[PDB]
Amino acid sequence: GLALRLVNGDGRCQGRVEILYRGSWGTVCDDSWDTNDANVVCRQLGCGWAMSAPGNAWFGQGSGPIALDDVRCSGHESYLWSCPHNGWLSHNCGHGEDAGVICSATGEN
């Protein structure tokens, strides 16, 4: 069962992006980690909208195989794994590129 979390931030609605894929939490190393991408993360978590998308392991480096690399959300999607992307677990990037998000945390549902 796919799941998403933001870790090592100040609260549920900010931190390093991690996706539960086939039993292990994996990070995102997108070098075009954009507002549209972050907005999808925030919507999916019920965390409002993306105030910023901190880059390059701002919230620290994750560990283990990296789940997603080039994720190109339109910005409307309900889940990050619904955005166009260039594959699971097939990436040469390092955890120094792990993406992060800071959401408004203005959701109530």
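One rule holds for the numbers: they count along the sequence shown, beginning at 1.
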Comparing average C-alpha B factors as deposited, tell me which of 22-30 and 77-85 sits higher. 22-30
So, looking at the entry's B-factor column for Cα atoms, which has the higher mean, 63-71 or 50-58? 63-71
By the recorded C-alpha temperature factor, relative to the other modelled residues in its chain, which third is residue 39 in? lowest
Tertile call for residue 2 (CA temperature factor, within chain, third-based) is the highest
Is residue 13 in the lowest, middle or highest third of its chain when residues are ranked by C-alpha B-factor? lowest
Chain thirds of CA B-factor: placement of residue 93: highest
